[PDB]
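Starting off, we have a lone chain in the form deposited in one PDB entry, written out as structure tokens.
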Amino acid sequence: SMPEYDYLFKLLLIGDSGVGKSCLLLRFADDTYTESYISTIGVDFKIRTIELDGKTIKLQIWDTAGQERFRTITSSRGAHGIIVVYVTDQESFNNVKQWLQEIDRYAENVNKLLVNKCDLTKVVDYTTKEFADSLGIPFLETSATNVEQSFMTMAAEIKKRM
């Protein structure tokens, strides 16, 4: 409430490499800003602005750099919403099964949404919805504008919570 946005929702994109995360944050724009050091390596987040109730809201998605190496859950506590991604992959759901639970136990007011397949070339079923409904988390198979609209809907649940 103090440049070109009123509210600001920080979002975590928890997931391993080779899982197909990147194809969710494709309709999330990279941060236009640049200087010498940021240019050489880039960043681990994407930004997005939407009009909502006549007010500019900024989304900020964190593909936390190097989550892979550390799967010990302490409280890494700030985010307004956590998103866990896993489909053309056997162990992808099995590993996520342990994370999504150890997240639910240590969180709440925070939004949760479980997720898709990129490079379309599927061993996981639309229920195996069952694990997600067990803890109370919306599940979605995605990819499209369908995935961006799935975020602009989640960016309205936090608004109702404030």
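Under this definition, the rigid core comprises the largest set of C-alpha atoms superposing within 1.5 Å between the forms. All residue numbers are counted from 1 along the displayed sequence.
In what follows, reference is made to the form deposited in another entry, a form of this protein that is not presented.
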Quiz prompt | Per-residue C-alpha change between this form and the one not shown, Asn94, threshold 2 Å, rigid core fit | solution = no
Quiz prompt | Large Cα shift (2 Å or above) at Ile57 between this form and the one not shown, core-fitted | solution = yes
Quiz item: Would the C-alpha of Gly136 be classed as shifted by 2 Å or more between this form and the one not shown after rigid-core alignment?
Solution: no
Self-check item: Pairwise C-alpha change, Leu13 versus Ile41, in that other deposited form against this form - closer or farther, 3 angstroms or more
Solution: closer
Quiz prompt | Closer or farther in that other deposited form, the Cα atoms of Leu13 and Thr34, when the shift from this form is 3 Å or more | solution = closer
